[PDB]
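Scroll down for the structure; my scribbles are underneath it.
Every residue, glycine among them, receives a Cβ derived from its backbone with ideal geometry; neighbour counts consider all protein chains shown. What follows is calculated from the coordinates using simple rules that are stated; it is not laboratory data.
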Ligand SMILES: O=C(O)c1ccccc1NS(=O)(=O)c1ccc(I)cc1
C-alpha cells in the first residue's frame, strides 16, 4: 500500500534506543483495546503479517484502570514470562469489561490459577524481581514514546502509527492497512 509520513505513520523525533521491533500498548480497562483486540484483531493480524525474525511485544499501561490498573500491569508481566499472555488475554478482558468480576488483585490471581498456573508458582513470580523490572520497563517505554492513547503501536521505537490517518470507512481495510503499515515500518529501519 501507499505510506506517507504524517498520514498513516509518523516518525518520532525522540527515538527509543534499545526498543523492540513491534511494541504495542493496551489495557484491559480500555474498551478501545478490546475493540482492537477482539473486534479488529490488530495484534493477531500483525503477528501474521510480520516477517520471520520480528517479534511482537504487548505492554500494559498504568494510566488506564484507576488504582487496580497498576496491579494488572504486574500480572500481565507474569503472563509474559510464563507464556500464557494470549491464553489470559480473553478471560482478563471479559472479567474486567463484560463480567467486571475482576476488582482486586486476588481476582486476577484466580484467573491464572484457572488457566492452569499454580498459585505458588504465580505468587512466586508475583514477588519476583524479573517481573518488577518488567513493570518498570512497560511504563518507561510509554513515557519515552509519549504515549497519548492506550491502543498504539510503535515500530522499532522510531515509527509511530496513526489510526486517524487511515481509512475509516471500511473496517476490513483499516485492519489490513494498519498491519500493512506496521510491516512496512518493520522492513524499513
Ligand atoms: O475507535 C477509535 O477511536 C478509532 C479511531 C480511529 C480509527 C478507528 C477507530 N476505531 S475503529 O478502528 O474500531 C473504527 C473504524 C472504522 C469505523 I466507520 C468505526 C470505528
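Yes/no per residue for (1) closer than 24 Å to residue 56 by Cα; (2) in a helix (DSSP H, G or I); (3) out of contact with any helix residue (DSSP H, G or I) (no Cβ under 6 Å at 6 or more places or on another chain):
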position: 90; (1), (2), (3): yes, yes, yes
position: 93; (1), (2), (3): yes, yes, no
position: 101; (1), (2), (3): no, no, no
position: 140; (1), (2), (3): yes, yes, yes
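When you scan the stretch 159-173, do you find a residue that is in contact with a helix residue (DSSP H, G or I) (Cβ under 8 Å, 6 or more places away or on another chain), closer than 18 Å to residue 6 by Cβ and more than 9 Å from the ligand (Cβ to nearest atom), even just one?
Among the residues of the stretch 159-173, at least one is in contact with a helix residue (DSSP H, G or I) (Cβ under 8 Å, 6 or more places away or on another chain), closer than 18 Å to residue 6 by Cβ and more than 9 Å from the ligand (Cβ to nearest atom), which makes the answer yes.
Determine whether residue 24 is in contact (Cβ under 8 Å) with a residue 40 or more places away in the chain and either touching a strand residue (DSSP E or B) at 6+ places or on another chain (Cβ under 7 Å) or loosely packed, with under 13 Cβ neighbours inside 10 Å (or both).
yes
For (1) within 16 Å of the ligand (Cβ to nearest atom); (2) within 18 Å of residue 154 (Cα to Cα); (3) surrounded by 14 or more Cβ atoms within 10 Å (Cβ to Cβ), each residue gets a yes or a no:
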{"residue": "40", "(1), (2), (3)": "yes, yes, yes"}
{"residue": "49", "(1), (2), (3)": "no, yes, yes"}
{"residue": "57", "(1), (2), (3)": "no, yes, yes"}
{"residue": "60", "(1), (2), (3)": "no, yes, yes"}
{"residue": "70", "(1), (2), (3)": "no, no, yes"}
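Which of (1) in a helix (DSSP H, G or I); (2) within 16 Å of the ligand (Cβ to nearest atom); (3) more than 14 Å from residue 9 (Cα to Cα) is the odd one out, the single condition residue 132 does not satisfy?
All conditions are met except number (2).
Out of 139, 85, I need the residue that is within 15 Å of residue 24 (Cβ to Cβ), more than 16 Å from the ligand (Cβ to nearest atom), under 14 Å from the mean Cα position of the chain (by Cα) and surrounded by fewer than 17 Cβ atoms within 10 Å (Cβ to Cβ). Which one?
85
Among residues belonging to the stretch 109-131 that are surrounded by fewer than 13 Cβ atoms within 10 Å (Cβ to Cβ) and touching a residue at least 24 places away in the same chain (Cβ under 8 Å), point out the one that is nearest to residue 95 (Cα to Cα).
Ranking the qualifying residues of the stretch 109-131, first place goes to 116.
Within the stretch 148-157, track down each residue that is more than 12 Å from the ligand (Cβ to nearest atom) and either buried (at least 19 other Cβ atoms within 10 Å of the Cβ) or assigned to a strand (DSSP E or B) (or both).
153, 154, 155, 157
Residues of the stretch 18-43 being more than 21 Å from residue 98 (Cα to Cα) and more than 11 Å from the chain's Cα centre (by Cα), which ones?
18, 19, 20, 21, listed by residue number.
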